[PDB]
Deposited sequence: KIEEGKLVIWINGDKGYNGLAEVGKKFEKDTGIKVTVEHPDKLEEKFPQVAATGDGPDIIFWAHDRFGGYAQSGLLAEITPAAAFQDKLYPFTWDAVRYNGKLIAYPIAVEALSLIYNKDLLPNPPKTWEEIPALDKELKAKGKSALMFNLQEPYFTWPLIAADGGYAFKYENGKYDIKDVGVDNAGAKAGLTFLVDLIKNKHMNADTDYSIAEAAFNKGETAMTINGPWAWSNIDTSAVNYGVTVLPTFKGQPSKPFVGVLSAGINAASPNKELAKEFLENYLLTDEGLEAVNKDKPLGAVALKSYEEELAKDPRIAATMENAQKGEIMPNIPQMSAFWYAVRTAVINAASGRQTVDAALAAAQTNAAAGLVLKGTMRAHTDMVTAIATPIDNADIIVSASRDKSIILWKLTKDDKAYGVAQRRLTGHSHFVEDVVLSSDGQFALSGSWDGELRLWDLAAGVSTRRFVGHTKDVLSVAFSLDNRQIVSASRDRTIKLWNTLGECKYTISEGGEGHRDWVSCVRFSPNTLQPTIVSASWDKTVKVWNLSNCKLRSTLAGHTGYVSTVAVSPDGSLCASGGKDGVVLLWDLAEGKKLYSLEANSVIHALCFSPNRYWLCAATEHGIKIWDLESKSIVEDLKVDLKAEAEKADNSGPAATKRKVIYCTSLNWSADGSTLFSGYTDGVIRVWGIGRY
């Protein structure tokens, strides 16, 4: 629920949540309000989840870099401190938490990684990364390692990658270009390669995580480690005689860590937005509040000036700020998480050996800039997935058709396991199922296969309820009339047939001069109820529009030099996209019945479909799923397949809400796309 009357706070496990808890107890004393401080695992990922449904904590803590994404998804209440309060914090700390001109959280402290060394094992720490391999050989002889730090999180490896040129998003004229990603340039490659070499020459292991490196350093086994201010406590209790100094340089350049600003945001759904502000502003952001947290685990250089005046006296803090100066404050734009996930994968694969540096970064480069990504994969078909149907009511299930001769009802789980599971496999056709469609109910499926027949399926009971025997050759397409009372099909027998629901052919648009002269590959109903019509693709290179009332030919659309294997109709029934052999997508004006323009794809098109919302046109091509913006006539996405044989999309269909693109491939795998 909401939890009106108390304050649920979330902060990371590596921070002084106990000290904060104290602050919470002090608030409760003066307020009479219970403060609960919890530190869930992966709280940064759960938050956007729970906050979306209206649940979650009242206050969430994390480095600023992740708040832009939360704000964007409306998960954060706008904060508005009095000018008096604002002056208490450094202006630059406020900028860290300012998104689209608004303050979305209270800044707490400036975090920056530093080189932490054991003064007893290494009086003079290396000034450069390059002298570390020799240093490790020297220490290894004495049963000690030179360096150990968390190689699992990109946060720790980024300072070295960025050192000689690597960057996340190009910054220019006071703005970030989210398409200009710098993770695979010469600089980033040089840094990651050096790192990987360290692992190859065994100066550090690819599996070293946070606890391993912290234990090793605190137990005096390794001379140096890399960490933030929050680690100084544990080392204190370990009695190690350490120092905190400038990170080593690489190729003469200083390591450039991404600087985080620990921040506290208030849940958009919280019913204690006021209690939250009173707490953060009058209890936490005070010389007392911070000191209570700082004693638990150091915060770093705090936003609050008054208290920073004391902290800046600590040399470890001065060292923190020197490394901070060599790097830069993290952007808070939504793309940051994509950048982090991208870089994390790259480092791990390059480190594990699964991929080469160039290989790993190249992919990271793509994932960091990627808009539409691979939300998941659904596997069950043992052969090519020929068609995909999505429920009109946007329910949590879809249906697929495959050359394995079956259709599958998928239950969209989304759970870590898979995006969906084969809830029921329906068999019955004696040859490849080429196309499938759902009823308005979303309760029945209508299929067409190369066995020349169509079948109605009762999805719930799992059985075929009707065979449509009429065509004399392979059936290549099927469609349901808007009111689901009429069924249409296309065949290699060059005809288009109309059927009722009882399996009787009510009408046949014969191969006559009016009809097609070759295979009819596709037939679709136009959503327009004013002029009942259907369009048809054909290997006779034409497209035909038909009056559903009298079944009379409206018009023949010529413009293709090869077979047209597919046709899609805009949701409004005004446009119509056609495609096939010649690689060009012709967009027509249904109403008038004339060409509007082309859209080169340079690849054979297999399927088409417009977006439910956006002015988008998607094309299943042998060279990826091309997506143009019907307004700019420009490509906005070109999705290829990466297993890390020629594999290509044969079918695709959007979820009713336009949020997910389902697509079948030749390898029998169904790939889910979306934000």
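In this chain, the deposited residues that lack C-alpha positions fall in the ranges 645-660, 692-694.
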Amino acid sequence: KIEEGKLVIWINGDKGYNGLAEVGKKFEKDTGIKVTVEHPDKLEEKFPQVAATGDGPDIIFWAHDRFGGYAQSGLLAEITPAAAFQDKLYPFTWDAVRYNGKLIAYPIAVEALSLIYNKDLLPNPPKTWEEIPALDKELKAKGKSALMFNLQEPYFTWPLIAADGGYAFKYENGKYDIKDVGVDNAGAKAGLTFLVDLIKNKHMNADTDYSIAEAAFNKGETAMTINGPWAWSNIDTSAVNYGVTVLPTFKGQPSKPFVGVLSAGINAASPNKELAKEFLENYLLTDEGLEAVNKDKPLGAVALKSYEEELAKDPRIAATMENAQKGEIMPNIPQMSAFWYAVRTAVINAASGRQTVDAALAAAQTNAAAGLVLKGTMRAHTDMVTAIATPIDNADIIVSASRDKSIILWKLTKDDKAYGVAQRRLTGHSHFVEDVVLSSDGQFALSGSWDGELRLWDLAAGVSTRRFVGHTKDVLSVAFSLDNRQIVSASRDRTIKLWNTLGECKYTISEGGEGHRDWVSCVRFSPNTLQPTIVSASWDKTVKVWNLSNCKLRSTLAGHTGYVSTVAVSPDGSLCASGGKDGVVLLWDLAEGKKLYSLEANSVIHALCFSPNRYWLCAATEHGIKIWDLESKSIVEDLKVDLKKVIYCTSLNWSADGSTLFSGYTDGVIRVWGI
From here on, numbers count along this sequence of modelled residues.
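As listed in the deposited structure, the average C-alpha B-factor of 63-71 and of 47-55 is greater for 47-55. The deposited model assigns a higher average Cα B-factor to 593-601 than to the other stretch when 537-545 and 593-601 are compared. Note on the listed residues 376, 254, 220, 257: the highest Cα temperature factor in the record is that of 376.
Among the modelled residues of the chain, residue 562 sits in the highest third by CA temperature factor in this PDB entry. Sorting the modelled residues of the chain by their CA temperature factor places residue 554 in the highest third. Ranked against the other modelled residues of its chain, the C-alpha B-factor of residue 16 as given in the entry falls in the lowest third. Among the modelled residues of its chain, residue 134 has a C-alpha B-factor that falls in the lowest third, as given in the PDB entry.
Residue-level temperature factors show residue 579 in the middle third of its chain, judged at the C-alpha atom.
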